[PDB]
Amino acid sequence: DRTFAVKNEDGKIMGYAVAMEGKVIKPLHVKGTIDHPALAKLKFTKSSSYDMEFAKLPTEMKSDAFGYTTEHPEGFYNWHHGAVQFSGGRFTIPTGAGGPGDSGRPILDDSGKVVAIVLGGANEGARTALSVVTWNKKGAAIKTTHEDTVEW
């Protein structure tokens, strides 16, 4: 696979790292050790601004990793827990469909490319708006945070 559990000392899942475009990327707030022998002890570079940390993907894994795409037209997208809507510049899910432990999971299109990484969500009632990292065409990271975001 290309998505890895990040585990605390008791071995409980805290969040997820992904393999993407020659990097291991996980949310910075996710406390733990990636649960992969090749990934556990790499040198990570940490960016507070984007709540992101990343390491170089070990050479073994370069044909494995997800592709990223900047093409997110309005519509529906996929994640581990089901449909993610993208509309008016925001990703949303039914409230209750995501929660703590979900930080780091990718949002995917039907071809299996990453459009966004999940940081948290703000409860707006029926729907929860997702705080995420995306990248633009020049490779610049963008963090979108909504009011009263709960880190997952």
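So that there is no doubt, residue numbering starts at 1 and follows the sequence shown.
### Message
Comparing average C-alpha B factors as deposited, tell me which of 41-49 and 61-69 sits higher.
### Response
Here the higher of the two C-alpha B-factor means belongs to 61-69.
### Query
Which has higher Cα B-factors on average according to the PDB entry: 5-13 or 139-147?
Comparing averages over the C-alpha atoms only gives 5-13.
### Message
Per the entry's Cα B factor values, which of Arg90, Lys113, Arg105, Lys31 stands out as the maximum?
### Response
Answer for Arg90, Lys113, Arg105, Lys31: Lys31, with the highest C-alpha B-factor.
### Modelled-residue ranking by C-alpha temperature factor, third containing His36
CA B-factor rank for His36: highest third.
### Task
Comparing against every modelled residue in the chain, figure out the third that the C-alpha B-factor of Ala126 lands in (lowest, middle or highest).
Top third by C-alpha B-factor.
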